[PDB]
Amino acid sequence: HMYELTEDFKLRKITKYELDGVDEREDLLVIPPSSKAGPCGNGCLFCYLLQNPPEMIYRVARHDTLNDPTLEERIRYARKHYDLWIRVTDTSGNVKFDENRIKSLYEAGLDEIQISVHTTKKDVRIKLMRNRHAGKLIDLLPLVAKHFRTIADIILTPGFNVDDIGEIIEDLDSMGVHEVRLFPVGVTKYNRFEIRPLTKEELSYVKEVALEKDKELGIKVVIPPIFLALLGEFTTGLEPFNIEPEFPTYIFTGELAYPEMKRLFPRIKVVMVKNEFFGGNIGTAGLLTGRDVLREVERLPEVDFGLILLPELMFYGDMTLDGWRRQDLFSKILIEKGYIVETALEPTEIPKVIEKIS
């Protein structure tokens, strides 16, 4: 339950599924980059743009919110007309960001900024972001945190910032940064820079360091949903749903959400769809593909009537990431196996979907 500013300066409700998944205050307003925004100026070694399969349809650009000269004007408009809690995110702080910009953003009315920091070691940040000026942002963080509530994002990348994550959190706390969010790196089978996922032992090590720092330091240390999912410890906190369908019913989910979805729907068959299109450690349900779904459909019995539920998050408009149109995927399933396919965004929507088809 949050908002973002549109290109024409209007409000648009959004969900945590369009951000990083963390639960946020309900007066949050995100100021995204406009069309006047340029690129990030980096070449991060883990950059997801650089590890997509070779024949995937290109999606979005390398937008950096700060590379929009109309940002202040959009912040000032939002402050006057909505007076919500204004956050800027999607920035590495390496372009169009200095003391003067911090002042102008503060006077415009910005409340909070969320920066991709990754590490407070300058030489490491230079190599990890392939940007020889990446150390300047680290020097600015104390001044940043004096002006805004500051959230530092860290993409945990083995060989760069995993072993010394405790020192990085201490540095951020001493700079006055208010919050740090820890994201284990996502690696496909097409990564070109010898980036590797955190092992199970590395995930646990970072988790324990983060819990220790969070009970010592004033900085809020956040282990976000993707991290908990990679640890096998993700939960919605919801009571299990006792919906019991009369007809063959399947909930398709990804590898990361499968344990929680299986727990939430004890009388429904939950099907884990492994992501062979992306491979690596990709397992989130918004990255499911038409071909992976069709592989698991192939294993199902034919039915005179049956329901398959898919996560709505895997569709962008009516397209999947691997090039399927929604209606073509659904018609192939109906003709070949007999199932109706429905989609929904959140787990709490599933009982009402099932009830309507029933």
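When you see a residue number, it is the position in the sequence shown, counting from 1.
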Looking only at CA atoms, which has the higher mean B factor in the entry: 287-295 or 30-38?
30-38
Going by the mean C-alpha B-factor recorded in the entry, which is higher: 345-353 or 331-339?
345-353
If you check the C-alpha B-factor for each of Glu194, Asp171, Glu208, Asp153 in the entry, which is highest?
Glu194
Among the candidates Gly237, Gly135, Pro224, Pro142, give the one with the maximum CA B-factor reported in the record.
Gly237
Select lowest, middle or highest to describe the third in which the CA B-factor of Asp214 falls within its chain in this entry.
lowest
With respect to C-alpha B-factor, does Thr91 fall in the lowest, middle or highest third of the chain as deposited?
middle
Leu198: which third of its chain by C-alpha temperature factor?
middle
Chain-wide C-alpha B factor ranking for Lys127, given as lowest, middle or highest third
middle
Rank-wise, by C-alpha B-factor, drop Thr320 into the lowest, middle or highest third of its chain.
lowest
